[PDB]
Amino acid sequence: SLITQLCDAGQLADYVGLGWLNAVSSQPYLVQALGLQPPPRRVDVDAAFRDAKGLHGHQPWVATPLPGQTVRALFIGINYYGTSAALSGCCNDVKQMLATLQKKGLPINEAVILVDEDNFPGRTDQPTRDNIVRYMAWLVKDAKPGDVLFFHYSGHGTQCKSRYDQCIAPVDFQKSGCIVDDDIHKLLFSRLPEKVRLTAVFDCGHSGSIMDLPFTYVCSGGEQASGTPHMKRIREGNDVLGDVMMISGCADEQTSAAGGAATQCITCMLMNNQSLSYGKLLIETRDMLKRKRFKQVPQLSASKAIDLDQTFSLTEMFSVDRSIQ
């Protein structure tokens, strides 16, 4: 069962009530580039899954359960307090993400929140290298047909040397090193079975990766509502069985005549109440970003060529655009 009354397990967090939807900054914040990193310790997926066996999340709010589906979620926000790598807006991104999901009544069975902000209601643990890795394995490990997964990262993205690649920096990166995108892809995407939907939001400043995903679409300045966009194949081969959807920000691909963009994109998308298609919704989001003086335009990437005429959702399997090979 899912907890449906506030008396079941007692009082649950009202994140909207704490002002996390409308009373926090939804403006860009500055992300200073971390710079080149030494080579990371590569992920041992077996150890990751081993270390994930004891772990659980909690139900963050009551909502109406979706029949035949369970929802699990992992949220990671890192402000790197006290360091030269300090960021002002990453844990705040998680705040808005959490409030937006609540406001929309996404019925999450178990959530894990890894933030470095003190006294953050519902904080599970610190976003260390070992916690990010093991909780990533936690998120995907019990995935059965019908399951819905949600992943959110706000923090530094950077490049690191190989023994270059894109990588994200845990709060303890100084001591434990970064995590390469190859390993994130292997943990979070590669192990999903068929008929499992995942949405992953990566809000990391500069490193606008798409995590080795085969399909992408960038909603650049020249796209119009009265156009018909399609995803493109940008990588040969595919190791992802499940339905993975990734939201991130990149530089405009239109030829010309930092922090918080990916989070505004997915929150604006969700807060739009009118059941728009991926395509129409991305135009509106692109306009919102330009309005609020974001550097980035929205980028949708996926493990299949999504028909962008399909309605946007967090819970549904993809309708495939057969015209994309």
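A residue's number is simply how far along the shown sequence it sits, counting from 1.
*Asks:* Does the deposited sequence hold unmodelled residues between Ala257 and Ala258, and if so, how many: none, 1 to 3, 4 to 9, or 10 or more?
*Replies:* The entry has a long gap there, with 10 or more residues left out between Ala257 and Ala258.
*Asks:* Would 263-271 or 48-56 have the larger average of its C-alpha temperature factors, as given in the entry?
*Replies:* Result of the comparison: 48-56.
*Asks:* Would you mind comparing 127-135 and 191-199 for me and telling me which has the higher average C-alpha temperature factor in the entry?
*Replies:* It is 191-199.
*Asks:* With respect to the C-alpha temperature factors reported in the PDB entry, which of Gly237, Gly82, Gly249, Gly89 ranks highest?
*Replies:* Result of the comparison over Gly237, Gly82, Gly249, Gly89: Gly237.
*Asks:* Between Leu30, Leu276, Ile283, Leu34, let me know which has the highest C-alpha B-factor in the entry?
*Replies:* The record points to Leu34.
*Asks:* Just say lowest, middle or highest third for the CA B-factor of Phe120 relative to the other modelled residues in its chain.
*Replies:* Middle third.
*Asks:* Based on the deposited C-alpha B factors for this chain, I'd like to know if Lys144 is in the lowest, middle or highest third.
*Replies:* Within its chain, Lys144 is a highest-third residue by C-alpha B-factor, going by the deposited values.
*Asks:* Taking the entry's C-alpha B-factors for this chain, is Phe215 in the lowest, middle or highest third?
*Replies:* Answer is middle: the recorded C-alpha B-factor places it there.
*Asks:* Hey, what third does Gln174 fall into on Cα B-factor, ranked over its chain?
*Replies:* As the PDB entry reports it, the C-alpha B-factor of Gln174 lands in the middle third of its chain.
*Asks:* Could you say whether, by C-alpha temperature factor, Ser25 belongs to the lowest, middle or highest third of its chain?
*Replies:* Its C-alpha B-factor belongs to the middle third of this chain's values.
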